[PDB]
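Given next, in structure tokens, is a single chain: the form deposited in one PDB entry.
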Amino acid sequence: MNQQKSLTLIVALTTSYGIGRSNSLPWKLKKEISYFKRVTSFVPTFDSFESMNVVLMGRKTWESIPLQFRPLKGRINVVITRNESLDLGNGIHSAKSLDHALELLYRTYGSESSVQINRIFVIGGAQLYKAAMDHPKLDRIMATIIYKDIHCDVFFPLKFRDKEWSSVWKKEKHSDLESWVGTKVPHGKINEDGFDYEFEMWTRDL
């Protein structure tokens, strides 16, 4: 009713868990952003008829996305916001929280609907990551790790890759990565504009 699907989080962070700086991305990765697109837009062909995935984001992230690329094309876009008097959108929903966002969707995209949801993604920011991380339906993390310690002022809320969470978070094999995002993905490090990064998939039991 409120929670049918599992939540998936997608983030890019430095080894020190930094995700932002000056309400921006401390970096510029063309291939990192294309993987983003790919992962969150992908829906099985046979189902490519009826379905769309969901991109849930907080207000600030929405404001950061190049206005030329907003709304995210091909995905159900939902902005999380308390102070929502006049959201701006032509069928771009607003919701006062993740749980409210989940019942909104579950109420709009019902059997009535010609449009049905496939997967649901939390794309940021720090603040929504924090709510997602505590949600009882969050079971997968789509993370891109950057091997540079760039200066950030925004950090990811749980050190999911540290020994302390090793009995809860498990890092899946790459072959498993590709099986889920339904495509061959670069393995090992990619270097761009001097940055060395890598794609990983972390799961947890609920």
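We call the rigid core the largest set of C-alpha positions that still match within 1.5 Å between the two forms. Numbers for residues come from their place in the sequence shown, where the first is 1.
Same protein, other form: the form deposited in another entry, not shown, and the subject of what follows.
- Measuring CA movement between the shown form and the other one with the rigid core aligned, the set 22, 191, 15, 183 has one residue at 2 Å or more: 22.
- A displacement of 2 angstroms or greater separates the C-alpha positions of residue 47 between the shown form and the other one, with the rigid core held in common.
- With the core held fixed, residue 87 shows a CA shift of 2 Å or greater between the shown form and the other one.
- In summary, the C-alpha positions of residue 86 and residue 62 converge in the other entry, ending up at least 3 angstroms nearer each other than in this conformation.
- In the other entry, the CA atoms of residue 86 and residue 127 draw together by 3 angstroms or more relative to this form.
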